[PDB]
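These notes concern the structure reproduced below.
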Amino acid sequence: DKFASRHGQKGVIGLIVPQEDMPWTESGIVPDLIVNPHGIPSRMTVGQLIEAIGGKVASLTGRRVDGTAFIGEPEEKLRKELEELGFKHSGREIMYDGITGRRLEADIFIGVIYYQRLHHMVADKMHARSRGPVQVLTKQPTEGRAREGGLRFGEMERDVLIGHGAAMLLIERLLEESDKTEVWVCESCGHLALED
Amino acid sequence: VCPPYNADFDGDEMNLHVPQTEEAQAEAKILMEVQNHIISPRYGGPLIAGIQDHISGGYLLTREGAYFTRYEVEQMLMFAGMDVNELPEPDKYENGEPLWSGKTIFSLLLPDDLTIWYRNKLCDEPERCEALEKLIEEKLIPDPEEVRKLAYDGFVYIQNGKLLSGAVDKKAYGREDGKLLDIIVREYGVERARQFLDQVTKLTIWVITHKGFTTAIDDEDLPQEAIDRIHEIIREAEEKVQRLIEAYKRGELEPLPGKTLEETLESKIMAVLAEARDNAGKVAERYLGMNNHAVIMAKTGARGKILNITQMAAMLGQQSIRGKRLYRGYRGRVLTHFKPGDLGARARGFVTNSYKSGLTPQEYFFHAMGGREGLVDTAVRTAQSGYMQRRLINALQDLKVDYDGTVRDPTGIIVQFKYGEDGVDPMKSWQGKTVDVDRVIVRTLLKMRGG
Amino acid sequence: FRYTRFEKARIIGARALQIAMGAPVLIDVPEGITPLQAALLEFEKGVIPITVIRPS
Amino acid sequence: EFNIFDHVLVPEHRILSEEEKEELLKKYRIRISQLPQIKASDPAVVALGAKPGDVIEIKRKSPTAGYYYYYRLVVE
Amino acid sequence: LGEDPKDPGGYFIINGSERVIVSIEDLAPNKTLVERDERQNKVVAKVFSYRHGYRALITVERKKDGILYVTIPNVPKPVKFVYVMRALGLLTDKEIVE
Amino acid sequence: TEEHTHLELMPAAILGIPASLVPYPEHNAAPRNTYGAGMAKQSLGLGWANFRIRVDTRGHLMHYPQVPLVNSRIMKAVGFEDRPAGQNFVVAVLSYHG
Amino acid sequence: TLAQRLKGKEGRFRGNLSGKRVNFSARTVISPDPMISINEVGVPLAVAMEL
Amino acid sequence: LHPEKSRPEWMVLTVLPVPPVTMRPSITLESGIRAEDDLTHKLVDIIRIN
Amino acid sequence: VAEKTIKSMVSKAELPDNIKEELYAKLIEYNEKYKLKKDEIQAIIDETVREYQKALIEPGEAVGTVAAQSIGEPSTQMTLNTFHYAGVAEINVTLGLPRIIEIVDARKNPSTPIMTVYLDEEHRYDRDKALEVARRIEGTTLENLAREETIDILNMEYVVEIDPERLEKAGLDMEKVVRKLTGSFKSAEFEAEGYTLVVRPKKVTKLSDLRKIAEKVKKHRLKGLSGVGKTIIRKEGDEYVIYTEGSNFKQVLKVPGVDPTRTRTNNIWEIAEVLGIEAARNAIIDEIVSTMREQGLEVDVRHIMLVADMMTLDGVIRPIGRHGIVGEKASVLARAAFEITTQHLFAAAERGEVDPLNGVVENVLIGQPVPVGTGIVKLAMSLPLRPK
Amino acid sequence: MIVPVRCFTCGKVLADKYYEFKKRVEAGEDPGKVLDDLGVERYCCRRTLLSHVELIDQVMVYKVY
Amino acid sequence: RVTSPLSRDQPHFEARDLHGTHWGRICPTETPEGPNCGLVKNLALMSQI
DNA sequence: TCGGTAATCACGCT
DNA sequence: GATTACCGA
Ligand SMILES: [Mg+2]
Ligand SMILES: [Zn+2]
Ligand SMILES: [Zn+2]
């Protein structure tokens, strides 16, 4: 189920780890979304990291921090309001791992970021088709999941099998798992015969 | 296996399709399994290799000072597949407590008679490599104890399946050339190198899990006197621009022969602006150390450069559009906040504040102009390359290789004798060349002489 | 006389199809095996009857 | 002063003999018409003694083999 | 009445599916433009003009001999300026000058 | 000074209505904001009060929506802090087991 | 008419003859796991019981 | 040209062949209304001008 | 140990090994001097023959499809680059994906021709003497030594004007003003204020149409050889290079000072007409290599030498689509799924034409096994078949 | 959409301490001392009182039988 | 929305840009990606017609 | 030279 | 609507 921020950090749930195996902090905090650290100093989204302090400041103070463009709350005045409410000036905190239990010799960053769920949910994508209803004109499968039809193999997908050398698979995929018809054909005229 | 598919995990779609008949199924297993495709036919180098955590985990394992205790060595050898008996031995530095080193936990995965030596991306002092190189070349097999503890952290040297000196980064894995997965598929089959890459991957993500690799907001932060070093660069580079406008305006043109006076002016101006941003990029890069977890990701190489970490506590450079500086707008003035007839730096598309110190509203609207030039060239260029591929496949899909080494068309017209300037497959050649005498000599001699 | 990669994947393909249509198996038994997997064990011991033709 | 030869782009040609046509024909089991046909224009062939219906050998070089031969024909 | 007050409005309910006209951006009718140079020929000056329906390009081109073409929609056959301008309403060459 | 001819209103309203959802939009890169203003038009969220008495082809509803923390003062004066879309997690930044 | 049924970028050389719709397939999303080998793949048990 | 496969006077259509029914299907619209095929619709109008 | 001992150990082994290999292996073996003696010399040569024998191509390969895919993959990752290159001499040569289409599709015209000019042994190191060669190549008319044309009052009708400073830094030689009389029509000689008065004592043909004389002799002046564009000089490798513009080959090679044997070109059809087909082989190969390396990403040159040695297959180079190799000889169904034109093409080969087999696109279209790959092997098997 | 009776990270009841909280912020009192006066210690409990919509009133009146 | 009647597919490198007259009338960022990428654009939040 | 006409312009999915 | 190039006086 695809989630995203409003800064552009889109992604998918990796797994769904229990509460017991969570790297937790020297307070009652147990994180929710353990975001990959390899995506923040690669996409230049510093507004993610300013908002993460702005969630921690505006939850402890009481008043929702204004954050509009060009006239909003400045950068340096936040990091003093966090520094006199009981925390280190840059978010970093002492964290204990939950599997074994010893302080990770670093200071793991942590905040409050507003995410939002998107409607590219997984139960509207998955389909399987063994043998369904076909086309009237060609006797080939249909299009779309609402009319129970499979995938279509363009001219890209025919050529990526000839590059291997697969000639047995290329017959069985394209014609044997498709329409096969048996036809009576004359010899010296070349035209089709007519059963009766 | 996600540089062949060129995928990522932000909700993509992959389709499988089962083959059925017993001839088309035993053809799929022998000719199309993954381990046959570890190197690629475009450049020889490995393609299925390590990515983002597999590189930057491997730097934390081979740093000088990576001493694991007894519980953490024994726990990780169970998790990375391998099967060894009671030999984690011999507790190499008992100085504090009986605990191992980081090199020898990596030296259980390698086969028993490797010999490779090369220099990698982290080399910041070229003189202290020299000494190591000179000794090695004259005394082919010294003792691994005495002389080899004069080692460096940027010269990988393995002998007999024992990493004496080195530091693993993106020169041993990686989507482009890494010459430690490369030299394990041409010497020790294929089926060995599917369990080198299956045990490295699970060993390396272990140490990056239980050691912490956060990257907070203070990684971009510079102290006050380093910020004032930047502002003297931006001031005099703006002064050189204000002087060069006055040289053109009073007739001190100093022209180039090829270009016109407007095109000479734009040339000189842009060079000053360009250089100014690189000179300020060197100040920040020199200052903040290689000990936070934002430059470890940039030196080794896993989603980073050293440009966009000095584009976050410094300038953002100029903001151009296909080689010209921003000029479209009103009658002689881009925005209506500037007096017209002006060619200044601050007034014609040049931002001067970071992604930390806030962009003022002329700089932000100058920044959307440069950002939309990047998004148009994704959807325009994709449709021209897609049609250009259909031309070449459908004209060239006929050509085979016969048994006597001849490439022939369907009519029997010989296209190329003795395929591809006979005759070695580029999938298995080394860097364009052929049999690789150089490597052979060193490898064969070492095993024989070493014994 | 080593086989190529195209001949090795055709000899298995023809032998896995005979081994489904009758054609009594050599010493290949244990306990349950799909007809493709029977041809893989026979090729390792070098008791394949099927030979290639090399046009030259 | 120069010619088409003595150049870093043009490889050197030579006109075959009468006995080598059938000897080349049996080495590759081909037919005479199945060879890639230089035209009677295009100065590489015209400064040699070009007769239509003949095989002319080139000795071109590649940076991954050494020297490598490649046979062609002459059509009007 | 079965609504919410935050609804802004601006959409029809033609046939039972709420359909909205999206504003198409014109190119300034009854204006005139001075078109650029050297795409196939010399400078042209294109225009649009419509009243109660039909719109049409009526351009005054020129190529590299000084013809000063005028373009008509129907039966295209590009006509010289001094053919039409004499035949339309003015006869004296002094009046075409002034 | 005595040189100007007009005076701006607030200049924090150059940008559109779903690009005024991104807090601090002068710190990010430029293609990251364009993706951000292209996904406030796709999130789930309780948008109108009459989702019960309505027949539309497919609708969505999010059980516990939340007014965001740090945001613009513009999104108070369109109505977005009365029909919002999305929740407030508490993230951490560390590399987990792969 | 006939010339547009034979042709037209979705006619009856690329549209239906040399690229066809197939049977025994599936299509869903992807999500990592670094615990299986390099040449294996996960398959859901819903797709596994309909192929 | 070829004297057994391509005579030139056969290029002028004296007899126009009719394609079969199976190449011109009859699509049903809602439940009982049949959308006539595009080839079928023009062939009906050919016969009335003949 | 010496020369004879080594050389003849490779000679014996030779017959499976190669010609290039032989020279290579010796010259490195000899170099190593902490020397190895006899048994490991035989071990190295018997190991070099095993790696060469391991790395030959399998007969039956599908070369032509994996050539088109490995050249069409790297052009999709052709994102933006540093378009603000820091050079001066080479100017505006259309880097990127639009070059790759211009080299594949023939296109007689191509935009931005830049022909590299190299110099011989007498104009190599002399700074100002190399300049006059570039002067001799460039060539200038009278229209670019102006800014506009201002008419006279009654009868002089013409004047030369701003500016004169193109003759004191490049040296376009005021003696050439005297020279102007070369094969011209009237050629009066009068320089009062530095401009040559040319009187025209005739009638109705030229009356006041100054604009048509701008296409005649006023533009027909050819002050210098090789009537092509501008020349830039760069210092590289202690030779001066002259990176000109345009393409005028058989005139450019006949210039006193250009070294004729090394001048490379950014054109395709002219190097085929002048230097021959197999030189245009090496023009196509060396040009697609230079585009790939400048953009960072590498392709191996086995794939390039399959396209280039198939595009000169019929003595005149062909384009790649709808008028070239697909439009050339094949099965008539091979031309059906490419170049959707068929009432032009499919009804043309209705007249006197057979169609056997043996493509790759036909047997997939009709239901037969294709010839490449695993449909190339032929089996045979005897039949007592006792189980035992 | 009435207040969630748990938090989303820290398991702790909250719906008894929301309608007492908001009726003491519509007198002008600062929320920084009201939430401290109740039993709210961390800031994972506290981000879900301080940001909520109480939208049950509008939807309820619209009716469906 | 403010759409623009042109061709959706052929590149318009000078008609998909971002011009100085858009200041205060058209939004600089909101542009859907696909083949359009700069042919449908949105009005700013302080304007009058 | 010089004017004229067609014929061409990703993958999948709703 | 833009590139070409082949075709036509
Ligand atoms: Mg994706
Ligand atoms: Zn018959
Ligand atoms: Zn909580």
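Residues in the structure tokens are numbered from 1 in each chain, the chains being A, B, ... in the order shown, and ligands are numbered from 1 in the order shown.
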Find the spatial neighbours of residue G:33, counting only C-alpha atoms (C1' of nucleotides), within a cut-off of 9 Å - ignore same-chain residues fewer than 2 positions away - and output them as a JSON list (two decimals) with N, CA and C atoms, in the first residue's frame.
```
[["chain", "number", "residue", "atom", "x", "y", "z"],
["A", 14, "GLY", "N", 7.48, -2.01, 3.42],
["A", 14, "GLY", "CA", 8.49, -3.03, 3.26],
["A", 14, "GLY", "C", 8.14, -4.29, 4.02],
["A", 15, "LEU", "N", 8.00, -4.19, 5.33],
["A", 15, "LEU", "CA", 7.28, -5.20, 6.11],
["A", 15, "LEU", "C", 6.70, -4.54, 7.34],
["F", 98, "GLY", "N", 17.14, -4.45, 6.11],
["F", 98, "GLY", "CA", 17.40, -4.53, 4.70],
["F", 98, "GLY", "C", 16.10, -4.32, 3.97],
["G", 31, "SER", "N", 7.94, -5.84, -3.64],
["G", 31, "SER", "CA", 8.33, -5.46, -2.29],
["G", 31, "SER", "C", 9.48, -6.33, -1.82],
["G", 35, "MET", "N", 16.27, -12.27, 2.29],
["G", 35, "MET", "CA", 16.46, -13.53, 2.99],
["G", 35, "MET", "C", 16.34, -14.73, 2.08],
["G", 36, "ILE", "N", 15.86, -14.57, 0.85],
["G", 36, "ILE", "CA", 15.83, -15.64, -0.12],
["G", 36, "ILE", "C", 17.09, -15.52, -0.97],
["G", 42, "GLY", "N", 9.44, -14.69, -4.54],
["G", 42, "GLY", "CA", 8.21, -14.92, -3.84],
["G", 42, "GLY", "C", 7.05, -14.98, -4.81]]
```
Quiz prompt | Within 9 Å of stretch 36-40 of chain J using only C-alpha atoms (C1' of nucleotides), minus same-chain residues under 5 positions, as an MDAnalysis selection string | solution = chainID J and resid 17 21 31 45:46
Expected file contents, prior selection, N, CA, C and O atoms, as a CSV table (one decimal), in the first residue's frame:
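The result, written out as again-v4.csv:
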```
chain,number,residue,atom,x,y,z
J,17,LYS,N,-10.1,12.5,28.2
J,17,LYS,CA,-9.3,13.8,28.5
J,17,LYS,C,-9.2,14.6,27.2
J,17,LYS,O,-8.2,15.3,27.0
J,21,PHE,N,-10.4,18.9,27.9
J,21,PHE,CA,-9.3,19.7,27.4
J,21,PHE,C,-9.8,20.9,26.6
J,21,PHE,O,-9.3,22.0,26.8
J,31,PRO,N,-2.7,26.1,26.0
J,31,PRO,CA,-2.8,24.6,26.0
J,31,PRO,C,-1.5,24.0,26.6
J,31,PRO,O,-1.5,22.8,26.9
J,45,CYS,N,1.8,10.8,23.1
J,45,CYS,CA,0.4,11.0,23.6
J,45,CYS,C,-0.1,12.3,23.1
J,45,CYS,O,-1.3,12.5,22.8
J,46,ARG,N,0.7,13.3,23.0
J,46,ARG,CA,0.2,14.7,22.9
J,46,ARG,C,0.0,15.2,21.5
J,46,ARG,O,-0.7,16.2,21.3
```
Exercise. Could you please extract the residues within 6 Å of ligand 3, counting only C-alpha atoms (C1' of nucleotides) and all ligand atoms, and hand them back as number ranges by chain?
Key: J: 7-10, 44-45
For N, CA and C atoms, I'd like the residues from the last selection saved as a compact mmCIF listing (two decimals), in the first residue's frame.
```txt
# COMPACT_ATOMS: atom_id res chain seq x y z
N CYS J 7 -3.89 5.85 21.91
CA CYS J 7 -3.08 6.60 20.98
C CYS J 7 -2.76 5.70 19.80
N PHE J 8 -1.84 6.11 18.95
CA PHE J 8 -1.50 5.29 17.81
C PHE J 8 -0.15 4.62 17.98
N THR J 9 0.65 5.09 18.92
CA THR J 9 1.92 4.47 19.28
C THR J 9 1.93 4.00 20.73
N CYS J 10 1.66 4.89 21.67
CA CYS J 10 1.66 4.56 23.09
C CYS J 10 0.26 4.15 23.55
N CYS J 44 4.23 11.72 22.26
CA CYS J 44 3.50 10.82 21.38
C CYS J 44 2.05 10.70 21.81
N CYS J 45 1.77 10.80 23.12
CA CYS J 45 0.40 11.00 23.57
C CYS J 45 -0.15 12.33 23.09
```
Self-check item: Neighbour list for residue L:9 as a PyMOL selection string, cut-off 9 Å, only C-alpha atoms (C1' of nucleotides), skip fewer than 4 positions in-chain
Solution: (chain B and resi 383-384+387) or (chain K and resi 9-10)
Export C-alpha atoms of the chosen residues as a CSV table (one decimal), in the first residue's frame?
```csv
chain,number,residue,atom,x,y,z
B,383,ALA,CA,9.5,8.8,-27.1
B,384,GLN,CA,12.4,9.5,-29.5
B,387,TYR,CA,11.0,4.6,-31.8
K,9,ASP,CA,2.8,14.6,-28.3
K,10,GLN,CA,5.2,16.8,-30.3
```
Quiz item: For chain F against chain A, which residues fall within 8 Å using only C-alpha atoms, given as a PyMOL selection string?
Solution: chain F and resi 11-12+21-29+32-33+35-37+39-40+42-44+68-74+85-96
Self-check item: Shell of 12 Å around residue L:6, only C-alpha atoms (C1' of nucleotides), local chain residues under 2 positions omitted, as a ChimeraX atom specification
Solution: /I:341,344 /L:4,8 /M:5-7
Quiz item: Got a sec to pull out which chain I residues are within 8 Å of chain C, counting only C-alpha atoms, and send them as number ranges by chain?
Solution: I: 58-60, 373-374, 377-382, 387-388
Take the residues that were just selected and, keeping N, CA, C and O atoms, output them as a tab-separated table (two decimals), in the first residue's frame.
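again_32.tsv written:
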```tsv
chain	number	residue	atom	x	y	z
I	58	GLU	N	29.53	-19.71	-28.71
I	58	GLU	CA	28.78	-20.93	-28.96
I	58	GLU	C	28.09	-20.82	-30.31
I	58	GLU	O	27.41	-19.83	-30.56
I	59	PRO	N	28.25	-21.80	-31.19
I	59	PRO	CA	27.58	-21.74	-32.50
I	59	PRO	C	26.08	-21.87	-32.36
I	59	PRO	O	25.58	-22.78	-31.69
I	60	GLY	N	25.36	-20.93	-32.96
I	60	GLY	CA	23.91	-20.88	-32.86
I	60	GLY	C	23.41	-19.62	-32.20
I	60	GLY	O	22.19	-19.48	-32.01
I	373	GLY	N	19.17	-19.97	-32.50
I	373	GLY	CA	18.99	-20.49	-31.15
I	373	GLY	C	18.96	-21.99	-31.16
I	373	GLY	O	19.81	-22.63	-31.77
I	374	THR	N	17.95	-22.58	-30.52
I	374	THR	CA	17.92	-24.02	-30.32
I	374	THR	C	17.22	-24.74	-31.45
I	374	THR	O	17.11	-25.97	-31.41
I	377	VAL	N	20.00	-27.27	-34.10
I	377	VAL	CA	20.69	-28.52	-33.82
I	377	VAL	C	19.86	-29.65	-34.39
I	377	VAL	O	18.64	-29.54	-34.55
I	378	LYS	N	20.53	-30.73	-34.78
I	378	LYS	CA	19.89	-31.85	-35.45
I	378	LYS	C	20.29	-33.13	-34.75
I	378	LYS	O	21.49	-33.39	-34.58
I	379	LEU	N	19.31	-33.91	-34.31
I	379	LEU	CA	19.57	-35.08	-33.48
I	379	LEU	C	19.52	-36.36	-34.31
I	379	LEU	O	19.13	-36.37	-35.48
I	380	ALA	N	19.93	-37.45	-33.67
I	380	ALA	CA	20.05	-38.78	-34.26
I	380	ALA	C	20.28	-39.76	-33.13
I	380	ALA	O	21.03	-39.45	-32.20
I	381	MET	N	19.65	-40.94	-33.19
I	381	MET	CA	19.68	-41.85	-32.06
I	381	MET	C	19.31	-43.26	-32.53
I	381	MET	O	18.35	-43.43	-33.27
I	382	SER	N	20.08	-44.25	-32.09
I	382	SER	CA	19.87	-45.64	-32.46
I	382	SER	C	18.96	-46.34	-31.46
I	382	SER	O	18.67	-45.82	-30.38
I	387	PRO	N	17.88	-51.49	-21.18
I	387	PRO	CA	17.94	-50.64	-19.99
I	387	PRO	C	19.13	-50.90	-19.08
I	387	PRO	O	19.87	-49.96	-18.76
I	388	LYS	N	19.32	-52.16	-18.68
I	388	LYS	CA	20.34	-52.60	-17.71
I	388	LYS	C	20.32	-51.82	-16.40
I	388	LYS	O	20.06	-52.38	-15.33
```
Quiz item: Do you know which residues are at most 10 Å from stretch 21-28 of chain H counting only C-alpha atoms (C1' of nucleotides), after dropping those on the same chain fewer than 6 positions away, and could you put them as a list in words?
Solution: residues 136, 137 and 138 of chain A; 34, 35, 36, 37, 38, 39 and 40 of chain H
With N, CA, C and O atoms retained, could you export that selection as a PDB file, in the first residue's frame?
```pdb
ATOM      1  N   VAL A 136     -14.491 -12.293 -29.644  1.00  0.00           N
ATOM      2  CA  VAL A 136     -15.400 -12.909 -30.598  1.00  0.00           C
ATOM      3  C   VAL A 136     -14.756 -12.985 -31.981  1.00  0.00           C
ATOM      4  O   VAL A 136     -14.868 -14.001 -32.675  1.00  0.00           O
ATOM      5  N   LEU A 137     -14.043 -11.930 -32.388  1.00  0.00           N
ATOM      6  CA  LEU A 137     -13.525 -11.856 -33.750  1.00  0.00           C
ATOM      7  C   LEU A 137     -12.266 -12.695 -33.971  1.00  0.00           C
ATOM      8  O   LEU A 137     -12.074 -13.213 -35.076  1.00  0.00           O
ATOM      9  N   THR A 138     -11.391 -12.837 -32.966  1.00  0.00           N
ATOM     10  CA  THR A 138     -10.113 -13.522 -33.148  1.00  0.00           C
ATOM     11  C   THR A 138      -9.920 -14.746 -32.271  1.00  0.00           C
ATOM     12  O   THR A 138      -9.004 -15.526 -32.548  1.00  0.00           O
TER      13      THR A 138
ATOM     14  N   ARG H  34     -28.469  -4.235 -31.847  1.00  0.00           N
ATOM     15  CA  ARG H  34     -27.261  -4.731 -32.490  1.00  0.00           C
ATOM     16  C   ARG H  34     -26.588  -3.606 -33.257  1.00  0.00           C
ATOM     17  O   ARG H  34     -27.169  -3.059 -34.199  1.00  0.00           O
ATOM     18  N   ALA H  35     -25.367  -3.267 -32.857  1.00  0.00           N
ATOM     19  CA  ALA H  35     -24.572  -2.298 -33.599  1.00  0.00           C
ATOM     20  C   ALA H  35     -24.001  -2.969 -34.837  1.00  0.00           C
ATOM     21  O   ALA H  35     -23.230  -3.929 -34.733  1.00  0.00           O
ATOM     22  N   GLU H  36     -24.397  -2.470 -36.000  1.00  0.00           N
ATOM     23  CA  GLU H  36     -23.940  -3.015 -37.267  1.00  0.00           C
ATOM     24  C   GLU H  36     -22.464  -2.705 -37.465  1.00  0.00           C
ATOM     25  O   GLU H  36     -21.985  -1.638 -37.076  1.00  0.00           O
ATOM     26  N   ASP H  37     -21.733  -3.651 -38.048  1.00  0.00           N
ATOM     27  CA  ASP H  37     -20.302  -3.470 -38.233  1.00  0.00           C
ATOM     28  C   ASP H  37     -20.049  -2.447 -39.335  1.00  0.00           C
ATOM     29  O   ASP H  37     -20.871  -2.264 -40.234  1.00  0.00           O
ATOM     30  N   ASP H  38     -18.903  -1.766 -39.239  1.00  0.00           N
ATOM     31  CA  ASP H  38     -18.568  -0.690 -40.169  1.00  0.00           C
ATOM     32  C   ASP H  38     -18.419  -1.189 -41.601  1.00  0.00           C
ATOM     33  O   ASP H  38     -18.784  -0.482 -42.546  1.00  0.00           O
ATOM     34  N   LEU H  39     -17.865  -2.389 -41.791  1.00  0.00           N
ATOM     35  CA  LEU H  39     -17.841  -2.961 -43.135  1.00  0.00           C
ATOM     36  C   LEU H  39     -19.234  -3.354 -43.597  1.00  0.00           C
ATOM     37  O   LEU H  39     -19.534  -3.260 -44.791  1.00  0.00           O
ATOM     38  N   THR H  40     -20.086  -3.806 -42.678  1.00  0.00           N
ATOM     39  CA  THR H  40     -21.434  -4.212 -43.056  1.00  0.00           C
ATOM     40  C   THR H  40     -22.251  -3.000 -43.470  1.00  0.00           C
ATOM     41  O   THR H  40     -23.012  -3.060 -44.440  1.00  0.00           O
TER      42      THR H  40
END
```
Practice problem: Quick one: pick out all strand (DSSP E or B) residues within stretch 15-75 of chain A from a backbone DSSP run and write them as a VMD selection string. | Solution: chain A and resid 24 to 25 34 to 35 66
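Taking only C-alpha atoms (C1' of nucleotides) and all ligand atoms into account, the protein and nucleic acid residues that come at most 6 Å from ligand 1 are residues 7, 8, 10 and 12 of chain B.
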Exercise. Give the alpha helix (DSSP H) residues of chain A, as DSSP finds them on the backbone, and put them as number ranges by chain.
Key: A: 40-43, 46-60, 75-81, 155-162, 168-171
Counting only C-alpha atoms (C1' of nucleotides), which residues of chain I fall within 10 Å of chain L, and what is the closest atom pair for each with its distance in Å at one decimal, ordered by chain and rising number, as a Markdown table?
```
| residue | atom | partner | partner_atom | distance |
| --- | --- | --- | --- | --- |
| I:76 | CA | L:10 | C1' | 10.0 |
| I:322 | CA | L:8 | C1' | 9.2 |
| I:339 | CA | L:8 | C1' | 8.6 |
| I:340 | CA | L:7 | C1' | 8.8 |
| I:341 | CA | L:7 | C1' | 7.9 |
```
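Using only C-alpha atoms (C1' of nucleotides), the protein and nucleic acid residues lying no more than 12 Å from residue I:359, apart from those fewer than 6 places from it along its own chain, are residues 394, 395, 396, 397, 398, 399, 400, 408, 409, 410, 411 and 412 of chain B; 329, 330, 331, 332, 333, 334, 335, 365, 366, 368, 369, 370, 371 and 372 of chain I.
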Could you save the residues just selected, with C-alpha atoms, as a compact mmCIF listing (two decimals), in the first residue's frame?
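Wrote part15.txt, looks like this:
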```txt
# COMPACT_ATOMS: atom_id res chain seq x y z
CA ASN B 394 13.40 -5.05 -36.88
CA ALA B 395 16.26 -4.49 -39.33
CA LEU B 396 18.79 -6.68 -37.49
CA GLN B 397 16.91 -9.58 -35.90
CA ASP B 398 17.87 -12.06 -38.67
CA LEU B 399 21.56 -12.66 -38.03
CA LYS B 400 22.94 -15.92 -36.56
CA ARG B 408 24.76 -14.93 -42.55
CA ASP B 409 21.47 -13.28 -43.53
CA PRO B 410 18.41 -15.36 -44.59
CA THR B 411 19.34 -15.32 -48.29
CA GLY B 412 22.86 -16.70 -47.80
CA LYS I 329 15.42 -7.46 -50.07
CA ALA I 330 13.64 -9.86 -47.72
CA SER I 331 10.47 -11.87 -47.52
CA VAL I 332 7.36 -9.88 -48.38
CA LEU I 333 5.91 -10.56 -44.91
CA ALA I 334 9.09 -9.17 -43.32
CA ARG I 335 8.19 -5.84 -44.88
CA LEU I 365 3.91 -15.28 -37.60
CA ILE I 366 2.89 -18.58 -39.18
CA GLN I 368 7.15 -22.62 -37.15
CA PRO I 369 10.38 -22.89 -35.11
CA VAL I 370 12.77 -20.02 -35.86
CA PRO I 371 16.24 -20.91 -37.24
CA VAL I 372 18.40 -19.16 -34.63
```
Quiz item: Which chain D residues are at most 12 Å from chain I (counting only C-alpha atoms), as a PyMOL selection string?
Solution: chain D and resi 1-13+33-47+57-68+70-76
Self-check item: Shell of 8 Å around residue C:17, only C-alpha atoms (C1' of nucleotides), local chain residues under 2 positions omitted, as a ChimeraX atom specification
Solution: /B:22-23 /C:13-15,19-21,35
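If you measure from each of H:43, H:5, H:15, H:32 to chain G using only C-alpha atoms, the closest one turns out to be H:43.
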Practice problem: Kindly work out which residues sit at most 8 Å from ligand 2, using only C-alpha atoms (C1' of nucleotides) and all ligand atoms, and give the list as a VMD selection string. | Solution: chain A and resid 186 to 191 193
Self-check item: Residue nearest chain F among G:34, G:27, G:46, G:40 (counting only C-alpha atoms)
Solution: G:34
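Taking atom CA of residue G:7 and atom CA of residue A:151 as endpoints, the distance between them is 21.5 Å.
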